[PDB]
Amino acid sequence: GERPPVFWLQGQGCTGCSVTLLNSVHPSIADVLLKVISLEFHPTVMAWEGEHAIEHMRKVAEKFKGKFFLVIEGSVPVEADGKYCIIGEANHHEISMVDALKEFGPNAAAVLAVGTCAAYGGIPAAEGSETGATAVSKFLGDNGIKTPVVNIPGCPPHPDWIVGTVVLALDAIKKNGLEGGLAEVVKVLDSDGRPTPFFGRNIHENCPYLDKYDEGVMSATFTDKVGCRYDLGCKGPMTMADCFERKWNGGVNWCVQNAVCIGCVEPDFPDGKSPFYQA
Amino acid sequence: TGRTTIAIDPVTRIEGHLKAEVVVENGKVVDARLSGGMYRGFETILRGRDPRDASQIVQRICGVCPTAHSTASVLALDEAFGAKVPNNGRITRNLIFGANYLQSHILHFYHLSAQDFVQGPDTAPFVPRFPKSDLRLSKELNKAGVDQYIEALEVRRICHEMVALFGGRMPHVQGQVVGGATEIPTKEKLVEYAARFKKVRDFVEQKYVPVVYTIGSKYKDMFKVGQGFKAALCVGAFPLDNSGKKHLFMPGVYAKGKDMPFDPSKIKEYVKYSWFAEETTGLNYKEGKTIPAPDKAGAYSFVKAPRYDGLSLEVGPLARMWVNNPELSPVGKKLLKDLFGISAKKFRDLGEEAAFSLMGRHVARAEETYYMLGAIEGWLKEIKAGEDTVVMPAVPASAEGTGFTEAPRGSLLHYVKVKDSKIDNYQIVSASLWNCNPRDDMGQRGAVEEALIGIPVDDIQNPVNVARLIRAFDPXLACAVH
Ligand code: SF4
Ligand code: SF4
Ligand code: FCO
Ligand SMILES: [Fe+2]
Ligand code: NI
Ligand SMILES: [S]
Ligand SMILES: [S]
């Protein structure tokens, strides 16, 4: 079928969301780009550049008004009139992240806030920051923009959470139309905007080391893999994600096996999950 | 012909937010300014935290090179805490980080740079593009480049599996901490790493290194531009023993045709043309301060301007390969002769002018990837399955430490000062900071700004060589600004 147009806008992100997506196994990223979506603007990978890239996005946005998907990576900084994040320049005017979200946000079918920065503020909004880093849903709501937002958090997210949420939404739309399908998607979001297929279960309650936790057998050094990791700082008890069975990077490891969970998908990450290495 | 001024924002197929503005007169760039347009302020966010948190927080500077920040951070913490990393943990760290060099260089050549020379499939994000893109390859060779782009997507993913085997996940490893590495390699997982490594090696040797020389041979004019200052920095990386003296890349500075030793006390960061408070200019990183001033008149970037004893230097694979002068790969020796008529044994046999060029930086990155294969092979023979990789040091109340390494894009240091058992100051001087910075307080340009001088623009409506030059440096503005 006709792949939906997608614009990927980076605010105060580290490109970790894009990189994690490149690690998708099935479908592979090539299959995603050639068969699932039409990635019309993405500054890290697209052929064109500068004002021509911006104008191309604007022309697609006009043609597919109300029908494109807007992926936002990173937070949106509102201090200094938006000047802490300039994303382009066209017709001799700079375009801040604030401007871009106000421009495209109202005309998207849906906004996918990928990563904890976009979803909840994340590291750029943490204590000691001064840019006014703002979560996507808050920014849009504060500005009266009603477009639905789906949060796919993690720092970074697992690629399956990103691709799987896209697939779930496109399936819903195929069977119910755009408005009907987005209604069905919103129904499977938790109170933090996260799809329950990936974020509906707690790490610790499903952790393979829960027997050791219950027995009080705690590792005193990171390299002791027999004990529970709680005393080393594991935040699994306060974290909702499926890493305990999904694992990472083709199933080769995950955070709790290797070290500790730092609660990277949670709205209070990082400050509410810090210090990372003590309980 | 007269002047045309060209602004490119966003520069694409780099990481992060960059504007480039060039003045073109009579068909060549005669002036340039680079502007990093996004700021987060990690140096202030970090203050007041448990110092151990830094080795997680700092990775979020950049999701392409997080293992480099992880490494610089844990080395800084190792020093500040007095952590004595076990030998096996040193080797494990090298296996984690080394695998991301492979990932990053392959990502950079194929998924960022190759479209500079190759026309992709006729669908977004490969179209639309400049109508006169100067894509010179035959239909067959172009198709080979596309096929390799697609294969490289799998190869770079396999590299991240290698990182994650002992690093936990990638991006953003969990496996490096102060005191070493959190997971002892088992025999089974070393076999898994080695099996993946074999596939990556085959791709590097059979596809990647050959294609860079082959494409380069169709763009020989691109070795004749982009020299800039011909000045380079390497701070050392990848310790090969626990002495602290033998490293895969040894440190050195190269400028005005001369090799010199690296003394980190000579680094100062200037801000006249950067959006930071004027009173913070000229500080060594041990006294560094980060006070944003986005309304400061005359400034044009969130990147500070690092200078080495007043010198504007570049960093990255070319810098390291020039400073260290390793033997060239067998592929490179053969294709330099057959496709270029060049007899070369060691990297410097390319000559200063061809090495410090647009295409030379791509060649250096490919050669460095080959060089890293041999290092990883050695570490796989050196590691001992089952031997402990970490110590558990107490957090000091008062301490300072500096960690130096080479990120895939160039020299990286982190400095930490601890007071009352919390971060009092944390200063980062990163690779793309050295490359993509603005003018210093005396008006001397940054390395890429200077390397843009002389770039040909025969068609102002299709000024493709401007961003081609920038991309040869593999910029990462997230790293540059932090
Ligand atoms: S604290 Fe962490 S390691 Fe221990 S049982 Fe819970 S999730 Fe698992
Ligand atoms: S285990 Fe915890 S820190 Fe790791 S990816 Fe899952 S939620 Fe994030
Ligand atoms: N590689 C990398 Fe990132 C940059 N520039 C760092 O340091
Ligand atoms: Fe810095
Ligand atoms: Ni980086
Ligand atoms: S990077
Ligand atoms: S890295």
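Quick reminder, even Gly has a Cβ in these numbers, built from the backbone with ideal geometry, and neighbours come from all protein chains shown. Any read-out appearing in this document is the output of simple, stated calculations on the displayed coordinates, not a laboratory observation.
Couple of notes before you dig in:
- Gyration tensor verdict on segment B:317-421 (Cα atoms; rounded if a/c is under 1.5, prolate if a/b is larger than b/c, oblate otherwise): oblate
- Taking each DSSP H run with n ≥ 4 as -39500 (n - 2.57) and averaging over every residue of chain B yields -11000 deg cm²/dmol at 222 nm.
- Assigned charges on the beta-carbon of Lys, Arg, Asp, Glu; chain A dipole about Cα centre (debye): 720 debye
- Simple spin-label estimate for A:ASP211 and B:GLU279 in nanometres, 7 Å along Cα-Cβ: 6.2 nm
- Global geometry of the protein assembly as shown, whether rounded, prolate or oblate, following the gyration tensor of its Cα atoms and the 1.5 cut on a/c: rounded
- Note on B:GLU183, B:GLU192, A:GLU205: ascending count of other Cβ atoms within 10 Å places them as A:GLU205, B:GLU192, B:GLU183, the fewest first.
- Candidates A:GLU179, A:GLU40, A:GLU266: whichever shows maximal mean-square fluctuation once chain A is modelled as a Gaussian network with Cα springs under 10 Å: A:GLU179
- Distance in nm between pseudo-label sites at A:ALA30 and A:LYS187 (7 Å out along the Cβ direction from Cα): 3.9 nm
- Shape box of segment A:199-279 [Cα atoms, principal axes, largest first, Å]: 29, 29, 21
- Using a cutoff of 8 angstrom between alpha carbon atoms and counting only pairs six or more residues apart, the relative contact order for segment A:1-107 works out to 35 percent.
- Helical mean residue ellipticity (222 nm; -39500 (n - 2.57) per DSSP H run of 4+; nearest 500) of chain A: -9000 deg cm²/dmol
- Look at the dipole of chain B built from charges on Cβ: of B:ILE150, B:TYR300, B:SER35, the Cα furthest out on the positive end belongs to B:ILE150.
- FRET efficiency for B:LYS258 and B:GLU377, using Cβ-Cβ distance with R0 set to 45 Å, rounded to 0.05: 0.85
- Computed across chain B, the Kirkwood radius stands at 22.6 Å (inverse of mean 1/r, all Cα pairs).
- Its convex hull of Cα atoms gives segment A:1-198 a direction-averaged projected area, equal to a quarter of the hull surface, of 10.7 nm².
- In segment B:292-370, the alpha-carbon atoms span a convex hull of 128 Å³ per residue.
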